[PDB]
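Engineer: Got a structure for you, written out below as structure tokens; questions coming shortly.
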Number of protein chains: 2
Amino acid sequence: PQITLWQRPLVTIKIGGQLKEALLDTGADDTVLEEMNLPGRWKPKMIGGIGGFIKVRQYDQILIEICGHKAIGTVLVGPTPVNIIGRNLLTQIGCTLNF
Amino acid sequence: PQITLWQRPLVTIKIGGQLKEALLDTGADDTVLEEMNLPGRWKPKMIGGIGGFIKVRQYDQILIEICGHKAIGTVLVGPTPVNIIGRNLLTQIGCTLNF
Ligand SMILES: CC(C)CN(C[C@@H](O)[C@H](Cc1cccc(F)c1)NC(=O)O[C@H]1[C@H]2CO[C@H]3OC[C@@H]1[C@H]3C2)S(=O)(=O)c1ccc2nc(NC3CC3)sc2c1
């Protein structure tokens with residue numbers, strides 16, 4: 001699709017057997033999801049944003065279906081206020097900005 | 001232009017007589033710039049992001065030239081780690097996401 005930006009660019013994702021909504025976020029290097037139940041091992045990481053940092057669990061080689069496209073990569077799970085799809089996965093689905 | 005997302009989507013902006021770089025950020029509702037010298041009145045505001053909140057100065061009807069396109073709107077100025085162009089201004093320059 002083409003998505004204009006008059007509203008937040010939310011999409012449906014499927015990850016870990018679960019359906020969620022997430023924001024297509026060109027300002028995010030990485031993908032950060034709300035606390036959720038994922039299988040597998042993970043590693044602790046801290047990440048920064050506008051208001052300081054948060055501790056996240058880093059999961060690698062996770063499958064995520066984003067508005068009907070499949071992608072595999074790193075997903076960070078922790079206390080983010082919004083589910084964010086970052087450039088690590090936006091590149092895999094072929095997303096571009098245009099103006 | 002069309003911008004792919006293998007690198008951060010940075011652009012040059014001109015605001016308040018000054019040249020800066022900023023990130024085209026579809027995950028940002030509003031535009032948030034580093035502390036900088038802007039003329040005019042402003043109002044205090046707090047905004048939230050991944051790691052808590054920050055206090056910003058809200059300036060309205062500010063002219064900003066973003067990669068060669070002009071836009072007028074609200075700019076929030078405060079301790080953000082990165083200069084962010086949000087959807088309030090991305091819509092004015094006609095920016096879309098595509099995949
Ligand atoms: C600050 C930008 C630079 C980065 N952020 C991505 C922005 O798009 C976030 C998304 C957002 C939206 C809503 C709530 C949020 F909690 C967060 N928007 C944002 O703060 O906007 C603020 C501000 C704008 O107006 C309004 O609109 C939303 C909200 C409110 C006030 S990030 O989430 O912090 C991030 C994400 C991934 C990531 N990966 C990293 N990896 C390591 C470096 C390698 S670091 C890193 C940091």
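The chains in the structure tokens are called A, B, ... from first to last as shown; in each chain the residues are counted from 1, and the ligands are counted from 1 in the order shown.
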Taking only residues of chain B that have an atom at most 12 Å from an atom of ligand 1, what is each one's shortest atom pair and its distance in Å to one decimal, using only C-alpha atoms and all ligand atoms, in chain and number order, as CSV?

Structural biologist:
```
residue,atom,partner,partner_atom_place_in_ligand_line,distance
B:7,CA,ligand 1,44 (C),11.2
B:8,CA,ligand 1,3 (C),9.6
B:9,CA,ligand 1,3 (C),10.9
B:10,CA,ligand 1,3 (C),11.0
B:22,CA,ligand 1,3 (C),9.7
B:23,CA,ligand 1,3 (C),7.5
B:24,CA,ligand 1,8 (O),9.0
B:25,CA,ligand 1,8 (O),5.5
B:26,CA,ligand 1,8 (O),6.3
B:27,CA,ligand 1,8 (O),3.7
B:28,CA,ligand 1,27 (O),4.0
B:29,CA,ligand 1,27 (O),3.7
B:30,CA,ligand 1,25 (O),3.8
B:31,CA,ligand 1,24 (C),6.3
B:32,CA,ligand 1,24 (C),6.5
B:33,CA,ligand 1,24 (C),10.2
B:34,CA,ligand 1,1 (C),11.3
B:45,CA,ligand 1,31 (C),10.1
B:46,CA,ligand 1,31 (C),8.1
B:47,CA,ligand 1,31 (C),4.5
B:48,CA,ligand 1,31 (C),4.9
B:49,CA,ligand 1,16 (F),3.4
B:50,CA,ligand 1,16 (F),3.4
B:51,CA,ligand 1,16 (F),6.8
B:52,CA,ligand 1,16 (F),7.7
B:53,CA,ligand 1,31 (C),8.1
B:54,CA,ligand 1,31 (C),8.7
B:55,CA,ligand 1,31 (C),10.2
B:56,CA,ligand 1,31 (C),9.7
B:58,CA,ligand 1,25 (O),11.5
B:74,CA,ligand 1,25 (O),10.8
B:75,CA,ligand 1,25 (O),10.0
B:76,CA,ligand 1,25 (O),8.7
B:77,CA,ligand 1,23 (C),11.1
B:78,CA,ligand 1,23 (C),11.0
B:79,CA,ligand 1,1 (C),10.7
B:80,CA,ligand 1,1 (C),7.1
B:81,CA,ligand 1,1 (C),6.9
B:82,CA,ligand 1,3 (C),5.6
B:83,CA,ligand 1,3 (C),7.6
B:84,CA,ligand 1,3 (C),6.8
B:85,CA,ligand 1,24 (C),8.7
B:86,CA,ligand 1,24 (C),6.6
B:87,CA,ligand 1,25 (O),8.5
B:88,CA,ligand 1,25 (O),9.0
B:89,CA,ligand 1,25 (O),11.4
```

Engineer: From the DSSP assignment of the backbone, select every residue of chain B that is alpha helix (DSSP H), and format the answer as a PyMOL selection string.

Structural biologist: chain B and resi 87-90

Engineer: Taking C-alpha atoms for each residue, export the selection above as an mmCIF file, in the first residue's frame.

Structural biologist:
```cif
data_model
loop_
_atom_site.group_PDB
_atom_site.id
_atom_site.type_symbol
_atom_site.label_atom_id
_atom_site.label_comp_id
_atom_site.auth_asym_id
_atom_site.auth_seq_id
_atom_site.Cartn_x
_atom_site.Cartn_y
_atom_site.Cartn_z
ATOM 1 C CA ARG B 87 3.549 14.096 10.840
ATOM 2 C CA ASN B 88 2.275 17.599 11.465
ATOM 3 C CA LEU B 89 4.904 18.759 8.927
ATOM 4 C CA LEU B 90 5.348 15.557 6.877
#
```

Engineer: Could you fit chain B onto chain A by least squares over every C-alpha atom, paired in order, and give me the moved chain as a short mmCIF file (atom, residue, chain, number, x, y, z; two decimals) with N, CA, C and O atoms, in the first residue's frame?

Structural biologist:
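Result saved to out24.cif:
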```cif
data_model
loop_
_atom_site.label_atom_id
_atom_site.label_comp_id
_atom_site.auth_asym_id
_atom_site.auth_seq_id
_atom_site.Cartn_x
_atom_site.Cartn_y
_atom_site.Cartn_z
N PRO B 1 0.78 -1.23 0.00
CA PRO B 1 0.00 0.00 0.00
C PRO B 1 0.82 1.29 0.00
O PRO B 1 2.00 1.28 0.21
N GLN B 2 0.18 2.38 -0.31
CA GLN B 2 0.70 3.69 -0.02
C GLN B 2 -0.05 4.21 1.19
O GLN B 2 -1.28 4.08 1.24
N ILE B 3 0.65 4.80 2.14
CA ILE B 3 0.05 5.27 3.40
C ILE B 3 0.36 6.76 3.51
O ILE B 3 1.55 7.14 3.50
N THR B 4 -0.69 7.60 3.61
CA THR B 4 -0.45 9.01 3.90
C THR B 4 -0.40 9.16 5.42
O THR B 4 -0.62 8.21 6.17
N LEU B 5 -0.05 10.35 5.88
CA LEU B 5 0.36 10.49 7.28
C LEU B 5 -0.52 11.45 8.04
O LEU B 5 -0.14 11.98 9.07
N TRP B 6 -1.75 11.62 7.57
CA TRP B 6 -2.71 12.41 8.28
C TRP B 6 -3.15 11.76 9.59
O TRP B 6 -3.51 12.45 10.55
N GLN B 7 -3.05 10.43 9.67
CA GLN B 7 -3.23 9.67 10.90
C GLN B 7 -1.98 8.85 11.18
O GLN B 7 -1.13 8.71 10.30
N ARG B 8 -1.85 8.33 12.38
CA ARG B 8 -0.68 7.47 12.66
C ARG B 8 -0.69 6.29 11.70
O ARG B 8 -1.73 5.69 11.45
N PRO B 9 0.46 5.90 11.17
CA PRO B 9 0.53 4.78 10.24
C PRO B 9 0.60 3.44 10.97
O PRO B 9 1.63 2.78 11.16
N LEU B 10 -0.54 3.04 11.49
CA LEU B 10 -0.69 1.76 12.16
C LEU B 10 -1.02 0.63 11.20
O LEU B 10 -1.80 0.79 10.24
N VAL B 11 -0.46 -0.50 11.50
CA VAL B 11 -0.69 -1.69 10.73
C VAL B 11 -0.90 -2.85 11.68
O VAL B 11 -0.56 -2.81 12.88
N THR B 12 -1.56 -3.91 11.18
CA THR B 12 -1.66 -5.13 11.93
C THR B 12 -0.46 -6.03 11.73
O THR B 12 0.08 -6.09 10.64
N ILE B 13 0.05 -6.59 12.80
CA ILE B 13 1.15 -7.52 12.75
C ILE B 13 0.72 -8.80 13.42
O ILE B 13 -0.20 -8.88 14.27
N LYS B 14 1.41 -9.86 13.01
CA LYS B 14 1.27 -11.17 13.68
C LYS B 14 2.67 -11.59 14.11
O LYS B 14 3.59 -11.66 13.29
N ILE B 15 2.83 -11.88 15.39
CA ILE B 15 4.12 -12.24 15.98
C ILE B 15 3.86 -13.15 17.17
O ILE B 15 3.00 -12.89 18.01
N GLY B 16 4.62 -14.21 17.22
CA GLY B 16 4.46 -15.16 18.30
C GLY B 16 3.08 -15.72 18.43
O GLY B 16 2.64 -15.98 19.57
N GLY B 17 2.37 -15.91 17.30
CA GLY B 17 1.03 -16.42 17.35
C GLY B 17 -0.02 -15.40 17.69
O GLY B 17 -1.19 -15.76 17.76
N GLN B 18 0.36 -14.13 17.96
CA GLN B 18 -0.54 -13.10 18.47
C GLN B 18 -0.70 -11.97 17.47
O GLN B 18 0.21 -11.66 16.70
N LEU B 19 -1.90 -11.41 17.45
CA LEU B 19 -2.24 -10.27 16.60
C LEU B 19 -2.11 -9.00 17.40
O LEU B 19 -2.63 -8.93 18.50
N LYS B 20 -1.44 -8.00 16.82
CA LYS B 20 -1.23 -6.71 17.50
C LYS B 20 -1.25 -5.63 16.46
O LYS B 20 -1.21 -5.89 15.26
N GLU B 21 -1.41 -4.41 16.92
CA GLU B 21 -1.21 -3.25 16.04
C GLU B 21 0.12 -2.58 16.35
O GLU B 21 0.55 -2.58 17.48
N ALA B 22 0.75 -2.02 15.34
CA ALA B 22 2.02 -1.36 15.53
C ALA B 22 2.17 -0.21 14.57
O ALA B 22 1.53 -0.14 13.53
N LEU B 23 3.04 0.71 14.96
CA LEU B 23 3.26 1.93 14.22
C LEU B 23 4.46 1.77 13.30
O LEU B 23 5.50 1.32 13.74
N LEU B 24 4.29 2.03 12.01
CA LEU B 24 5.39 2.05 11.08
C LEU B 24 6.22 3.28 11.37
O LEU B 24 5.75 4.43 11.17
N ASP B 25 7.46 3.10 11.84
CA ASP B 25 8.18 4.22 12.48
C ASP B 25 9.55 4.40 11.83
O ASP B 25 10.56 3.75 12.16
N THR B 26 9.63 5.37 10.88
CA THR B 26 10.91 5.61 10.19
C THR B 26 11.96 6.21 11.11
O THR B 26 13.16 6.23 10.76
N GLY B 27 11.56 6.74 12.26
CA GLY B 27 12.49 7.28 13.21
C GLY B 27 13.06 6.28 14.18
O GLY B 27 13.85 6.68 15.07
N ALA B 28 12.65 5.07 14.06
CA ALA B 28 13.10 3.98 14.92
C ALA B 28 14.08 3.07 14.18
O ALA B 28 13.79 2.55 13.11
N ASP B 29 15.30 2.95 14.73
CA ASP B 29 16.30 2.06 14.07
C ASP B 29 15.84 0.62 14.21
O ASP B 29 16.00 -0.19 13.28
N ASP B 30 15.34 0.29 15.38
CA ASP B 30 14.92 -1.04 15.77
C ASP B 30 13.44 -1.12 16.08
O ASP B 30 12.75 -0.11 16.18
N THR B 31 12.98 -2.37 16.18
CA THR B 31 11.59 -2.70 16.42
C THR B 31 11.40 -2.97 17.90
O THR B 31 12.17 -3.73 18.48
N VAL B 32 10.45 -2.27 18.54
CA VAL B 32 10.23 -2.32 19.97
C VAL B 32 8.76 -2.63 20.25
O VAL B 32 7.90 -1.84 19.86
N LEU B 33 8.46 -3.77 20.89
CA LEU B 33 7.09 -4.12 21.21
C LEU B 33 6.83 -4.12 22.70
O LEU B 33 7.73 -4.36 23.50
N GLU B 34 5.56 -3.82 23.05
CA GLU B 34 5.02 -3.92 24.40
C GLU B 34 5.36 -5.26 25.00
O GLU B 34 5.52 -6.28 24.29
N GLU B 35 5.36 -5.30 26.33
CA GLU B 35 5.54 -6.56 26.99
C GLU B 35 4.57 -7.58 26.42
O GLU B 35 3.36 -7.32 26.25
N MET B 36 5.13 -8.72 26.10
CA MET B 36 4.38 -9.76 25.45
C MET B 36 5.15 -11.04 25.65
O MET B 36 6.34 -11.05 25.97
N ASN B 37 4.43 -12.12 25.38
CA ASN B 37 4.84 -13.48 25.62
C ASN B 37 5.53 -13.97 24.34
O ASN B 37 4.84 -14.31 23.37
N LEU B 38 6.89 -14.05 24.33
CA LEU B 38 7.56 -14.61 23.15
C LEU B 38 8.33 -15.85 23.57
O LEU B 38 8.83 -15.90 24.70
N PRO B 39 8.41 -16.87 22.73
CA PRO B 39 9.20 -18.04 23.11
C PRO B 39 10.65 -17.69 22.94
O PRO B 39 10.99 -16.70 22.32
N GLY B 40 11.51 -18.52 23.49
CA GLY B 40 12.90 -18.44 23.12
C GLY B 40 13.77 -17.66 24.10
O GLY B 40 13.30 -17.01 25.05
N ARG B 41 15.06 -17.72 23.80
CA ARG B 41 16.04 -17.04 24.61
C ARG B 41 16.07 -15.55 24.24
O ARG B 41 15.68 -15.17 23.15
N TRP B 42 16.63 -14.74 25.12
CA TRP B 42 16.79 -13.33 24.84
C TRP B 42 17.96 -12.83 25.64
O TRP B 42 18.51 -13.56 26.49
N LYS B 43 18.37 -11.60 25.36
CA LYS B 43 19.49 -10.93 26.03
C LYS B 43 19.04 -9.56 26.51
O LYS B 43 18.29 -8.88 25.80
N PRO B 44 19.51 -9.10 27.65
CA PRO B 44 19.07 -7.80 28.15
C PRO B 44 19.76 -6.69 27.39
O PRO B 44 20.91 -6.81 27.00
N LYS B 45 19.02 -5.61 27.15
CA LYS B 45 19.60 -4.47 26.46
C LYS B 45 18.93 -3.21 27.01
O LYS B 45 17.84 -3.29 27.57
N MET B 46 19.61 -2.06 26.95
CA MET B 46 18.94 -0.77 27.21
C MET B 46 18.89 0.03 25.93
O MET B 46 19.87 0.04 25.17
N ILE B 47 17.81 0.80 25.75
CA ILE B 47 17.65 1.63 24.56
C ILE B 47 17.16 3.00 25.00
O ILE B 47 16.46 3.12 26.03
N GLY B 48 17.54 4.03 24.24
CA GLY B 48 17.20 5.41 24.53
C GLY B 48 16.21 6.00 23.56
O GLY B 48 16.26 5.73 22.39
N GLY B 49 15.43 6.94 24.05
CA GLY B 49 14.51 7.71 23.27
C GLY B 49 14.28 9.03 23.92
O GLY B 49 15.09 9.50 24.72
N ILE B 50 13.12 9.60 23.66
CA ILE B 50 13.02 11.02 23.89
C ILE B 50 13.19 11.34 25.37
O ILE B 50 13.78 12.37 25.73
N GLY B 51 12.69 10.45 26.24
CA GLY B 51 12.57 10.78 27.64
C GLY B 51 13.47 10.01 28.58
O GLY B 51 13.30 10.01 29.79
N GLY B 52 14.50 9.40 28.02
CA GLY B 52 15.46 8.62 28.75
C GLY B 52 15.57 7.22 28.18
O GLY B 52 15.42 7.04 26.96
N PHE B 53 15.80 6.21 28.99
CA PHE B 53 16.00 4.89 28.44
C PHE B 53 14.98 3.94 29.03
O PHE B 53 14.24 4.26 29.96
N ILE B 54 15.00 2.74 28.46
CA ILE B 54 14.26 1.60 29.00
C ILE B 54 15.08 0.33 28.84
O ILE B 54 15.93 0.23 27.94
N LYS B 55 14.82 -0.62 29.73
CA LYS B 55 15.39 -1.95 29.63
C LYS B 55 14.45 -2.79 28.79
O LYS B 55 13.23 -2.75 29.00
N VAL B 56 15.02 -3.53 27.82
CA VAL B 56 14.28 -4.40 26.90
C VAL B 56 14.93 -5.78 26.88
O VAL B 56 16.08 -5.98 27.32
N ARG B 57 14.16 -6.75 26.42
CA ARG B 57 14.67 -8.08 26.11
C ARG B 57 14.86 -8.15 24.61
O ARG B 57 13.92 -7.90 23.84
N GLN B 58 16.06 -8.48 24.18
CA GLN B 58 16.38 -8.62 22.77
C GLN B 58 16.20 -10.04 22.28
O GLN B 58 16.88 -10.96 22.76
N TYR B 59 15.30 -10.24 21.30
CA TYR B 59 15.06 -11.54 20.66
C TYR B 59 15.49 -11.45 19.22
O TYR B 59 15.09 -10.53 18.51
N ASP B 60 16.28 -12.40 18.76
CA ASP B 60 16.81 -12.39 17.40
C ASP B 60 16.10 -13.44 16.56
O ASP B 60 15.47 -14.37 17.09
N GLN B 61 16.14 -13.19 15.24
CA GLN B 61 15.57 -14.07 14.23
C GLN B 61 14.12 -14.47 14.57
O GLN B 61 13.70 -15.63 14.51
N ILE B 62 13.31 -13.46 14.83
CA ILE B 62 11.88 -13.57 15.11
C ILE B 62 11.12 -13.31 13.82
O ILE B 62 11.33 -12.30 13.15
N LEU B 63 10.13 -14.17 13.54
CA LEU B 63 9.26 -13.95 12.40
C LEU B 63 8.11 -13.03 12.75
O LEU B 63 7.44 -13.20 13.77
N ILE B 64 7.85 -12.08 11.89
CA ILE B 64 6.78 -11.10 12.09
C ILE B 64 6.10 -10.90 10.75
O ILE B 64 6.75 -10.88 9.73
N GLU B 65 4.79 -10.93 10.71
CA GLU B 65 4.05 -10.67 9.50
C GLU B 65 3.47 -9.28 9.68
O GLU B 65 2.80 -9.00 10.68
N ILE B 66 3.82 -8.36 8.79
CA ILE B 66 3.53 -6.90 8.92
C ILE B 66 2.66 -6.56 7.74
O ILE B 66 3.10 -6.66 6.61
N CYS B 67 1.41 -6.28 8.01
CA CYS B 67 0.42 -5.97 6.98
C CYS B 67 0.57 -6.97 5.83
O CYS B 67 0.54 -6.54 4.72
N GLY B 68 0.79 -8.26 6.10
CA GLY B 68 0.79 -9.25 5.04
C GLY B 68 2.14 -9.53 4.42
O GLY B 68 2.23 -10.27 3.43
N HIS B 69 3.20 -8.97 4.95
CA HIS B 69 4.52 -9.25 4.43
C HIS B 69 5.27 -9.94 5.55
O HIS B 69 5.28 -9.46 6.69
N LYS B 70 6.04 -10.92 5.22
CA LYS B 70 6.85 -11.56 6.24
C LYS B 70 8.24 -10.95 6.32
O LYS B 70 8.83 -10.55 5.32
N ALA B 71 8.77 -10.92 7.53
CA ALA B 71 10.07 -10.39 7.85
C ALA B 71 10.62 -11.21 9.02
O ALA B 71 9.86 -11.77 9.82
N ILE B 72 11.94 -11.36 9.08
CA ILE B 72 12.59 -12.05 10.18
C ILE B 72 13.67 -11.09 10.65
O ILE B 72 14.49 -10.66 9.85
N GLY B 73 13.72 -10.85 11.95
CA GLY B 73 14.80 -10.08 12.51
C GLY B 73 14.66 -9.88 13.99
O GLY B 73 13.93 -10.61 14.66
N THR B 74 15.41 -8.91 14.52
CA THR B 74 15.45 -8.64 15.93
C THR B 74 14.22 -7.88 16.38
O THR B 74 13.83 -6.90 15.72
N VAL B 75 13.66 -8.29 17.50
CA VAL B 75 12.54 -7.61 18.12
C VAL B 75 12.94 -7.34 19.56
O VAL B 75 13.40 -8.25 20.26
N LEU B 76 12.76 -6.11 20.01
CA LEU B 76 13.05 -5.74 21.38
C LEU B 76 11.73 -5.65 22.11
O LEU B 76 10.79 -5.06 21.60
N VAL B 77 11.65 -6.25 23.29
CA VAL B 77 10.41 -6.31 24.03
C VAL B 77 10.60 -5.65 25.38
O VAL B 77 11.56 -5.96 26.12
N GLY B 78 9.73 -4.68 25.70
CA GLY B 78 9.84 -3.98 26.96
C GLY B 78 8.81 -2.88 27.08
O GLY B 78 7.90 -2.76 26.26
N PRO B 79 9.02 -2.01 28.00
CA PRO B 79 8.01 -1.02 28.37
C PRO B 79 7.94 0.18 27.45
O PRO B 79 8.06 1.33 27.88
N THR B 80 7.80 -0.07 26.18
CA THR B 80 7.51 1.02 25.27
C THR B 80 6.02 1.38 25.32
O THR B 80 5.18 0.50 25.51
N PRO B 81 5.67 2.68 25.20
CA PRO B 81 4.24 3.04 25.24
C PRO B 81 3.45 2.59 24.02
O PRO B 81 2.21 2.54 24.11
N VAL B 82 4.11 2.33 22.90
CA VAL B 82 3.50 2.00 21.62
C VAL B 82 4.35 0.90 20.98
O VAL B 82 5.59 0.91 21.05
N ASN B 83 3.71 0.01 20.25
CA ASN B 83 4.45 -0.96 19.44
C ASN B 83 4.97 -0.27 18.20
O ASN B 83 4.22 0.41 17.53
N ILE B 84 6.27 -0.39 17.95
CA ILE B 84 6.98 0.33 16.91
C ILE B 84 7.69 -0.65 15.99
O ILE B 84 8.48 -1.49 16.43
N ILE B 85 7.44 -0.56 14.69
CA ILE B 85 8.20 -1.30 13.67
C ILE B 85 9.22 -0.32 13.15
O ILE B 85 8.92 0.68 12.52
N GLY B 86 10.49 -0.69 13.33
CA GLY B 86 11.63 0.12 12.98
C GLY B 86 12.25 -0.31 11.69
O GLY B 86 11.82 -1.23 11.01
N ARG B 87 13.29 0.43 11.31
CA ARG B 87 13.87 0.29 9.96
C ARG B 87 14.47 -1.09 9.73
O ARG B 87 14.50 -1.52 8.58
N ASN B 88 14.87 -1.77 10.81
CA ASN B 88 15.40 -3.11 10.61
C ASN B 88 14.41 -4.00 9.90
O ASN B 88 14.82 -4.95 9.20
N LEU B 89 13.10 -3.83 10.17
CA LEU B 89 12.04 -4.58 9.50
C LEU B 89 11.39 -3.82 8.34
O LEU B 89 11.04 -4.43 7.37
N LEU B 90 11.31 -2.49 8.40
CA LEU B 90 10.74 -1.74 7.28
C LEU B 90 11.52 -1.99 5.99
O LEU B 90 10.93 -2.05 4.92
N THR B 91 12.85 -2.13 6.07
CA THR B 91 13.63 -2.41 4.88
C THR B 91 13.25 -3.74 4.28
O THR B 91 13.34 -3.88 3.05
N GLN B 92 12.89 -4.71 5.11
CA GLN B 92 12.60 -6.05 4.58
C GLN B 92 11.28 -6.11 3.85
O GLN B 92 11.05 -7.06 3.06
N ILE B 93 10.35 -5.23 4.20
CA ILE B 93 9.10 -5.24 3.51
C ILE B 93 9.11 -4.26 2.38
O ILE B 93 8.08 -4.10 1.72
N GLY B 94 10.25 -3.60 2.12
CA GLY B 94 10.35 -2.73 0.98
C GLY B 94 9.74 -1.38 1.18
O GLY B 94 9.43 -0.73 0.21
N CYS B 95 9.63 -0.88 2.40
CA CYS B 95 8.98 0.39 2.66
C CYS B 95 9.90 1.57 2.33
O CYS B 95 11.09 1.55 2.68
N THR B 96 9.34 2.61 1.70
CA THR B 96 10.05 3.82 1.38
C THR B 96 9.24 5.02 1.83
O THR B 96 8.02 4.94 1.96
N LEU B 97 9.93 6.14 2.00
CA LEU B 97 9.31 7.44 2.13
C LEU B 97 9.39 8.18 0.79
O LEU B 97 10.39 8.11 0.08
N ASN B 98 8.35 8.91 0.46
CA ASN B 98 8.26 9.57 -0.82
C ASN B 98 7.61 10.94 -0.67
O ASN B 98 6.55 11.05 -0.06
N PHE B 99 8.20 11.94 -1.32
CA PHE B 99 7.63 13.28 -1.40
C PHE B 99 8.28 14.10 -2.50
O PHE B 99 7.93 15.23 -2.81
#
```

Engineer: Could you pull out the residues in chain B that DSSP calls strand (DSSP E or B) from the backbone, as a PyMOL selection string?

Structural biologist: chain B and resi 2-3+10-15+18-24+32-33+43-49+52-66+69-77+84-85+96-98
